[PDB]
Amino acid sequence: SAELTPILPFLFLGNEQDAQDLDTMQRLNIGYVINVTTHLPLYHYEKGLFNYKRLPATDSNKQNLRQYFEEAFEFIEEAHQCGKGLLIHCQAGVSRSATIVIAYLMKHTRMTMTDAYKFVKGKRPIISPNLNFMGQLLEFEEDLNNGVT
Amino acid sequence: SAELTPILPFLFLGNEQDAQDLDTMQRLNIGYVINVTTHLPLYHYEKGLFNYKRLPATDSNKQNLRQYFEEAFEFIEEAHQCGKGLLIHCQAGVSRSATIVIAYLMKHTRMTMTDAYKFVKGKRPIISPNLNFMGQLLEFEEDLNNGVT
Amino acid sequence: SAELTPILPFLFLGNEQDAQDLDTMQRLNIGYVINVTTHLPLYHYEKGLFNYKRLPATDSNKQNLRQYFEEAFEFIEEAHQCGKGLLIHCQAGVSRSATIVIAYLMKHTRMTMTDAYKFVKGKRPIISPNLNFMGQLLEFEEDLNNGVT
Amino acid sequence: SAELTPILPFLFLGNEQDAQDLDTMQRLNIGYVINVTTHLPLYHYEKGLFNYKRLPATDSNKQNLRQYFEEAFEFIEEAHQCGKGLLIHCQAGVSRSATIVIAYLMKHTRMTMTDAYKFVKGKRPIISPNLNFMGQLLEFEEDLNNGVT
């Protein structure tokens, strides 16, 4: 399967198997995990080693991900400001979780949607957010451009 | 091997190799060809069997295909009205030709983008991603949904 | 369906679906809703988040909309003077609600009836007030021109 | 967007780059151009497609733009009456051209300065600050509020 992807030094995009790799996460100084699924466990919750957030979304055509953008960015920024890394994952690292990372890059590194997509896809070539999510990323771009978030 | 792909009784999608299958073209009653590249030959041109239109695109970062939509739709319709089939092809991955097919299904059979995409990909499972064309289709969808002329 | 239409920075024209989209309304800083129907609910009334006004009109050939113009304008102006936006809707955003917006623009931005129509239609191409309403907009123009309101 | 900006059905605002987009101009039915610089070319002049007016300003300390308002309004109106669009452009930041657009909205659609500014910036989020033009618009607002001719 595809390896865990460093996006920034403190932000890693991955799949459910990555979220179980305790040794890798501790090597990378990860202290925060975002699980972008309704149904997966928070792996290693009971060892109390990470701070977790669930964004309980499906990968469907009606799922609203935009509603979770602000919360996710705040959590990435919490990890960032205290010098820890954050792992964000869904099942494959292809769609839900990639959409959140692209959006983070749009807001916080001011990349266009196209540039943030290519930035992530260059690092993790299997990403492919569904068209619903792609439409949300375009509306998010509009709203960022007009100062509307 | 493979061959060109039925989309509607009068509309077929294919790649570079598929366009060279003169036997399949005649059996499927294809009378019209759209070649969505600047550099490929008009296959079978010298035989004088078909009506051609070249849309001289590239599969590049800034290629505008929306500009050709109205012209391609008119030519599909002229074949439709004549009782002949039209093949639209580009190259391996069918990214440019699929973009125009999806557009035609969105405008003329009123499918949403996601539904037209799924309709085409169900028939033609390999569609190379192109973020630029995907964005032109999402904008074309917004325009159709808003009733823009 | 057509997307919600910003007419002015504090005035949005929409359909019944738009009036349910709580997240969009709060993003747009909407604090006021006008519902131009007799029979639809005031969506989200029970969350006590918006100020509402019902203009309980039908889309018929006998319906008097002029009688509601002054009330609607006062409400739009309440929203405007306190720095909030207003969403006005009927079922489709096509006829009743569009007529009210066109009339607001005639009185408060001094647009002719033709110019206010084209202004709204340019932003929301699906609008089409019925001929009864169009006749009322013309007599409203007369009364504005003569100072008779 | 990467092109000129609709303000009213017949009035568009843009920069140096936007003025060079001959396809966008024709598609939007722009027949008229106001170039608010002393030094830029009249783009597309040799094609004989458009009616031009140069307002030979600079974006400087003491540049008076108020002096051109009446002339620019007459030209906008001539286009409006003709059924054609008018593009007004200057350079990156659109400070001079936006000043004239805001002036026209204040005089002809009677928006307050702040509301006209917000209307334009909502459509065109980058407006370079110019304290001198802002002061001219504030004095023009006072004149209009006092009924000065």
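Note that the chains take the letters A, B, C and D in the order they are written out, and that residue 1 is the start of every chain.
As a convention for this text, contacts are C-beta pairs under 8 Å (C-beta built on N, C-alpha and C of every residue); 3 or more make two chains touch, one makes a residue touch a chain.
Engineer: Please tell me the distance, in whole Å, between the geometric centres of chain B and chain D computed from their C-alpha atoms.
Structural biologist: Chain centroid spacing, chain B to chain D, equals 41 Å.
Engineer: Please report how many Å separate the Cα centroid of chain A from that of chain D, as a whole number.
Structural biologist: 43
Engineer: Counting only Cα atoms for the centres, state how far chain C is from chain D in Å.
Structural biologist: Roughly 29 Å separates the two chain centres.
Engineer: May I ask you to sort the chain touch graph into line, ring, star, complete or other?
Structural biologist: Chain contacts: none of line, ring, star or complete; other.
Engineer: Go through the chains and record each pair that touches.
Structural biologist: In this structure, the chains touch in these pairs: A-B, A-C, A-D, B-C, C-D.
Engineer: How about chain B: which of its residues touch chain A in the complex?
Structural biologist: Counting only chain B, the residues touching chain A are 113-114, 117, 129, 131-132, 134-135, 138.
Engineer: Mind listing the chain C positions that touch chain B in their complex?
Structural biologist: Touching chain B from chain C are residues 1-3, 124-126.
Engineer: Spell out the residues on chain A that touch chain D in their complex, using ranges where they run on.
Structural biologist: These residues of chain A touch chain D: 145-147.
Engineer: Which residues of chain C touch chain A in the complex?
Structural biologist: For this pair, the touching residues of chain C are 23, 27-28.
Engineer: Report the residues of chain D in contact with chain A in the complex, numbered from low to high.
Structural biologist: 122, 125
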